[PDB]
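FYI the Cβ positions are ideal-geometry reconstructions off the backbone, even for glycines, and counts take in every protein chain you see. Nothing in this text is a laboratory measurement; each read-out follows from the coordinates by a stated rule.
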Ligand SMILES: [Zn+2]
Ligand SMILES: [Zn+2]
């Protein structure tokens, strides 16, 4: 018994594609849906119609209705702060 | 276009396994090495001499020499923030 480990193993393998995370990267500062995400990040709407639903099913992502589309966003500040710090580890301004 | 992103899958290609990051969970409050990880997580020395070394050689981990010993750590507060923010979206309890 561990509580934490035995529930983020599910996160820390699902992270493993640069496309997936490049989207949450952006969401963590500004929200887009499948169709805007496809414009901003050069991805197909068919493809994001299945990557956004997967991110959602590992709970880094959340869907919501708004006016006359479904907006997508980060589930909560936890993993937005995980995902910020992977970029920070990968881009040192001075070594 | 990516600038850095595929160097960030290159730190996801450091995760993907259980005790590997159950170690680093604990390094995220106190620093421990091969013999003492193998004591404190009930592990084995053949094994930690491959996993402390992988993580070391994929920069989520850094050693420090103390004569015939080496103490070991996370690499910086970036990777310490990745694994502790994951260990925060795994459960969400009252405080
Ligand atoms: Zn760093
Ligand atoms: Zn959370």
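Values computed for the structure shown
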read-out	value
Taking B:43, A:41 and counting other C-beta atoms within 10 Å, the order from fewest to most	A:41, B:43
Fewest-first sequence of A:77, B:11, A:87 by Cβ atoms within 10 Å of each Cβ	A:77, A:87, B:11
Global form of segment B:12-54, assessed from the alpha-carbon gyration tensor, a/c cut-off 1.5	oblate
Nearest-ten-degree value, helix A:77-90 long axis tilted from longest Cα axis of chain A	70 degrees
Rounded, prolate or oblate (a/c below 1.5 giving rounded, otherwise prolate when a/b exceeds b/c) for chain A by Cα gyration tensor	oblate
Distance in nm between pseudo-label sites at residue A:71 and residue A:91 (7 Å out along the Cβ direction from Cα)	2.4 nm
Computed FRET value (nearest 0.05) for residue B:17 with residue A:26, which takes r as the C-beta separation and R₀ as 30 Å	0.60
Whether the protein assembly as shown is rounded, prolate or oblate, judged on the alpha carbon gyration tensor where a/c under 1.5 counts as rounded	prolate
Which of A:60, A:5 has the fewest Cβ neighbours within 10 Å, and the rest in rising order	A:5, A:60
Two-site FRET efficiency, residue B:57 against residue A:44, from Cβ-Cβ distance with R₀ of 45 Å, rounded to 0.05	0.80
Average other protein chain Cβ within 10 Å of Cβ, residues B:19-25	2
